[PDB]
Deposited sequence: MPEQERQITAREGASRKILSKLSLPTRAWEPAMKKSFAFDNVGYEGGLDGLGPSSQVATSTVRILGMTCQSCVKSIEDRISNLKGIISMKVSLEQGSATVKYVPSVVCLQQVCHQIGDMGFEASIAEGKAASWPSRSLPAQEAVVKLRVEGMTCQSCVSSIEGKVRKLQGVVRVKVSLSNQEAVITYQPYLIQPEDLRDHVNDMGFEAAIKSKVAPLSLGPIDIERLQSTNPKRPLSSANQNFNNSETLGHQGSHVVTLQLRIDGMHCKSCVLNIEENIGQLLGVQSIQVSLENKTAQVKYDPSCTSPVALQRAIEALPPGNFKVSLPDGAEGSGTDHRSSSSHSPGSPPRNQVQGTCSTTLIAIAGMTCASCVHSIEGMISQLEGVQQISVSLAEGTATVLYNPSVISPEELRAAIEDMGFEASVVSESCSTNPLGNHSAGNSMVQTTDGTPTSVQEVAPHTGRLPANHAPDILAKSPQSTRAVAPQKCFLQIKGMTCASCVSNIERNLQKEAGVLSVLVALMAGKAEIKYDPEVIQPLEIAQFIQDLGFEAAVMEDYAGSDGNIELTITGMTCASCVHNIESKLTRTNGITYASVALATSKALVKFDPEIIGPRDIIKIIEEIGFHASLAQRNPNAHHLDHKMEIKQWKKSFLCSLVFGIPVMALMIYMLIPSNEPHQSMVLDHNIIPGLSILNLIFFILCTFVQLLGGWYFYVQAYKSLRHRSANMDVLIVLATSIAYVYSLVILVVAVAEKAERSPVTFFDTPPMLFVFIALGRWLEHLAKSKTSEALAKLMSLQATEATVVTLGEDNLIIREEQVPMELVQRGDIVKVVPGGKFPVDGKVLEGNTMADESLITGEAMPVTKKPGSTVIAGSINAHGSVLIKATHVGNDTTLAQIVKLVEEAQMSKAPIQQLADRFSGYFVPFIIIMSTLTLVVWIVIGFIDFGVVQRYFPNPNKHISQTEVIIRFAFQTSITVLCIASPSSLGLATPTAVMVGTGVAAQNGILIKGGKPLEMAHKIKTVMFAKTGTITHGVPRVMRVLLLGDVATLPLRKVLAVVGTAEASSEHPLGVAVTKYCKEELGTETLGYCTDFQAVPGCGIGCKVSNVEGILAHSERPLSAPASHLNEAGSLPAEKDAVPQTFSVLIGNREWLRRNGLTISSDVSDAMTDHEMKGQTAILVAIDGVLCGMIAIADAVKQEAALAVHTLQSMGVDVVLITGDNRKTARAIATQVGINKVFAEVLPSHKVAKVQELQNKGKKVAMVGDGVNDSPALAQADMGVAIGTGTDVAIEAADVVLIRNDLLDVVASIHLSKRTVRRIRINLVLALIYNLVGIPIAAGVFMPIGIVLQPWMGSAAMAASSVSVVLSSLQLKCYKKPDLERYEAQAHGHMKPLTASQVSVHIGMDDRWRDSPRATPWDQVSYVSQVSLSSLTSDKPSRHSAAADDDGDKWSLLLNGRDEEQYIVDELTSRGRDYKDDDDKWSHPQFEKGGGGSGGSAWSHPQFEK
């Protein structure tokens, strides 16, 4: 609400543009954060609304020379499709191929010697002194290529040099310009002096530079388009037409209408036919069916839906036509929230990505400086100490003097050095891997948001687990009810009815189960009235019950733990003390009822622990990550559940108000701690923790406290999360190695340093080996897509044999 803005910018091609925009925006006063993503081609800037406005930012960006505008809401398929760029580059490569094949044929013609040549290759026969017939052909072809094929590069270089910064097309422009000008000058010198021999000139590389450049920029765009497959699949899945119906009295169809999404609103009734997707989230009215949403949440089995259930906009119906009342319309749908989260994920760049962006702005000037230095050093060493070079170039040619071979070698090695560096490979090394990892995660339920949690999960050594709703099923079950007081004046019917109607005021997850159990067991769905309902979280509920004749025809009630009754001045006996201990030791929490100070009895509550908790924590123990449990109930139940699952340390009897002090002391030791809670309930604890993991959040992915969201209520997904995140971060580092080893080896070789060995590359060879790096980086990023999601048997395989049982003795507890 601080005037945070998100913008779309068009025309960002190079990897040096990001550093320019980020630095220019940050340096301006009134702005503290501005991150721009090339792949998404968007920007996220936060600023003081009073000091500056959005139009000021737009004007600044346009002053830089880029077209910026406010972010659109639905239309983004073209942004991630890259269709226009692929089409343009393929067309340019096909157009430039017409001037490439003749040059390749001419070059290969001279190298291979015919066994019985017709005239022994008289295609180089001089026609007028100094100008060979071959050199005229190269001159014509090179002039046509320069004036017709390189226009786009010249335009980009001019539009870049109008400002201080320079894109990566400046390298190509300088390479071609030097290769043309030097050759033209040497040809003019040869013709003017009427020399007999035509010198070897640089008219063969410009016809060969552009072909390879266009091929590389077409293949790399085609490969990049494969990185955004998950985004395209998610975005082009929601429907655009809805069948609005009208119900007269008994849901009878008055009429039918076809409506777009921008006109349908909440509360409307929409019908879905078999084989059709649900257009809008809502509540099922009538009809039993089943639908599969493997393209949204990732499970394989088809969930069955009954009248009154929930639907997801994007799942495909199978059986019958179902009427649903719309609840979340348009952007409020789960799919829209998921895709918005995914797009926003590629905005919080990692520190390693920040370093890469910093190193991507001082690369083009560095390459130009290195090229000029190489040229100067070669010319000086040629003109000063001819002995060293002539040791490797011994033959004194009469056709060309030793003075004019040094200049040729220096220019060749000063062109190849700046025609081999690939700033793109260093630029897009990490973002493509990040996008592929986030997409492959989203296609499996895991919804890692932001780039920072990707590397944050790599170094996490402590995972923290909540009890209610995370390790347990979250649906309490009542074992049995024990009576300790009187039976005549306090029958089971009376106590059950009064406790049900007393808790009906509350909405705690444990109490709804016992209230509905009372309603179903007493045979009456009615209840009394509750007054003076005191409800202290972590302590209990105390109130008064009136109208006790509504159920008994077929009262200070205190519900809480021991300290609750002690607070209200109620004594506790020893028989009651050891009564429910037998059930408490079996992982079943028990509550004690006291009506008017009378120890009426005990009610046993049990919740089944999830099966995956038996393995999910164990793998985490075998992965080298510590685990801990937090719960607010009594110590014995926490010990029982920890023994049943296998967590050593536990923080029991924690009140639901602090919830951060334990996380604070855990983080005080220097480790990075991630807590796996439930969502809105444990927001402060997740916010304090470095990585917030919200498990069991169905259609509730709009959570800001947590930086990792899991939709499927599966603990193993947590194991699937970290085990994936590392495999992304590693894939980033490799991407930043191939972009450096190529750069730190392609420069010395193109610099002629390997002359004593005898390794010199023609400038065309320096660009045919440049597209390779750009394609290979994206290809290595794409390798993450080959990810088979592990199953229960997969985890059982490596976990078989070594799974140590534990007793209550080897279980720690909290500290005060």
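- Unmodelled regions (deposited sequence positions with no C-alpha coordinates, counted from 1) are 1-561, 1116-1143, 1406-1507.
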